[PDB]
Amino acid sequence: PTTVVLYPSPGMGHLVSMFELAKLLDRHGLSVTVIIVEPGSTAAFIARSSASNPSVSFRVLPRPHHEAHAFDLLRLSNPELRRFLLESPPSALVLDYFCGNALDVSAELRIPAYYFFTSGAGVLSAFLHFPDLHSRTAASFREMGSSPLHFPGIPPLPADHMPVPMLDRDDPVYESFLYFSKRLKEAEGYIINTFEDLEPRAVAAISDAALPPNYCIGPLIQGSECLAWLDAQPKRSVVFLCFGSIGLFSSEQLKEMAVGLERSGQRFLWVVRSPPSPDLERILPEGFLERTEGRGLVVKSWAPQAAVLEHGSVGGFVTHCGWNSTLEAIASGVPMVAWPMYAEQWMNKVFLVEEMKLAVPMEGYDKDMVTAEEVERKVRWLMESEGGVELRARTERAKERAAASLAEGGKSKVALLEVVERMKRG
């Protein structure tokens, strides 16, 4: 039996993503171990995973910016990783973008090392060519502001739309990102949670045979109260608003969205978290819950978004453009309004709006605050306008081209099968 070791970077988000890949490789006959470096209870995750997928093993390495402590942990983890790999060398190693230091270990032991890139191919291209651009300027991306950055196969990118940890060149975390992007070029191959029919130009631009190959296997996709509420509403009539894992708005900004949602007159399901420093009556405009009881439902902190997006009553998604939320909207054919917030979401927004044309922006996301007028305008536009009809049509195409890529013979199933064979023969 051929054995694969998958190495996510610390963080429940990275672990959940990498586990989805572990279940696939296992499905197709590989013997999978996931390496854990600890920074929402890893222990509970390992217990549930072992009960549901016993063939996937876990190995927890002993302990030696918000990404900055992760980067230190990973570096000081190379000795423990080395030893576990010396015990039983595997046929192949699968790394996270943040796990570049492990390429030291994988080269010494002559182990084929693949990256699992959990964002799209457009982002990979930007991340591939960032060190090049770094040598060609002295300015910070923050100093450059709206000056466009030109990377292969993707729209121009305003330099302040680069990821927040990369905005100030005079910081150690900037240097680590430069470091991880360079080491991208030492890979055997790139496994990407995208499908080729979604980002053709991007997939072409990186398949230049002066770079490792790449395999497009996605979309890889990962309570009772609001699902009930949705049942009681007509088909395609609800606007779903949900802003990722940590997303946070100020009470002032929450008041603008409330006013805009109310004046749009549309039905809504809105996930609200505590502002950065949830008490809905203290935070929301007075009488807003009373007045909209009936048309809208506000849920605190967390919603079952995968189910919500699959529900037939949902007609639209105001999203922070995280890549898991974007793939889940596409697979269910839900048209989007793009309101990016942190990590690489601003970049994702550009690709979504101008390359894929699957969303329209929420103007003001780059300003101090999105206005009530704008929230109302785009909510109306999404659920009523002929432009909204045109957009659903492109989202409908995307749903079918995604579902097709995953069915037998489709382009994702064949890309999966192709890399499995290549690890078996490693």
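Residue indices: 1-based, along the sequence shown.
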property	result
Deposited-sequence gap flanked by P39 and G40	4 to 9
Size class of the missing deposited segment between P64 and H65	4 to 9
Mean C-alpha B-factor comparison - 392-400 and 374-382, higher one	392-400
Higher-B stretch (mean Cα B-factor, as the entry records it), 3-11 or 417-425	417-425
Residue with maximal Cα B-factor (values as given in the PDB entry) among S224, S147, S237, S325	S224
Most elevated Cα B-factor in the entry, residues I206, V271, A343, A159	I206
Entry-reported Cα temperature factor of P152, expressed as the chain third it lands in	middle
Within-chain third of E256 by Cα B-factor, per the entry	lowest
Third of the chain, ranked by Cα B-factor, where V314 sits	lowest
Chain thirds of CA B-factor: placement of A407	highest
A47 by Cα B-factor - lowest, middle or highest third of the modelled chain	lowest
